[PDB]
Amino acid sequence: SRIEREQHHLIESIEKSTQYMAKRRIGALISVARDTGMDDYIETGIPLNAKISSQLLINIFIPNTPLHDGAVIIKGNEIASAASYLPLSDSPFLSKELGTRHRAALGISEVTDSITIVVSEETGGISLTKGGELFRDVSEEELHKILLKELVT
């Protein structure tokens, strides 16, 4: 039950935090590492190695705070780092309305098998990137279905 409880708790933490930040137009960028190691990007951020919670994710992305300027990276059972760097995609197909967070989430999805969640600070929509593809402005049910299928083993 250990592995499943942690993965479900991760999904619930992402859902609750993203809902909180989308309601307040708080920009967020959360990348969940999988098979492809993301240690190179983890080292670019502030190390946390913290237990996963929605409360911590919310506190990290509060605007104009030391931990918010960058991406959160989740590795296994922990929030590995915050304010981490993610590479900007070169793709000209990404819409110009989308900001730097979507391009960074797209960029990391092109070079890793990670699942990255984006909360737009301009629109409040939640977006997903995976394998160089973008799911823009997903609903609560769509986000729940995608996270369950991808993050639960």
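Position 1 is the first residue in the sequence shown; the rest follow in order. By rigid core we mean the largest C-alpha set that fits within 1.5 Å across both forms.
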### Query
Which of the two stretches, 52-60 or 30-38, moves more in 8 other deposited structures of this protein when the core is held fixed, judged by C-alpha RMS distance?
30-38
## Note on the structure
The stretch carrying the higher mean Cα B factor in the deposited entry, 120-128 or 101-109, is 120-128
### Message
I need to verify one thing: averaged over C-alpha atoms only, is the B-factor higher for 49-57 or for 34-42?
### Response
34-42
### Message
Can you tell me whether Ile26 has a C-alpha B-factor in the lowest, middle or highest third compared with the other modelled residues of the same chain?
### Response
highest
### Message
Ranking every modelled residue in this chain by its Cα temperature factor as given in the entry, which third contains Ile14?
### Response
middle
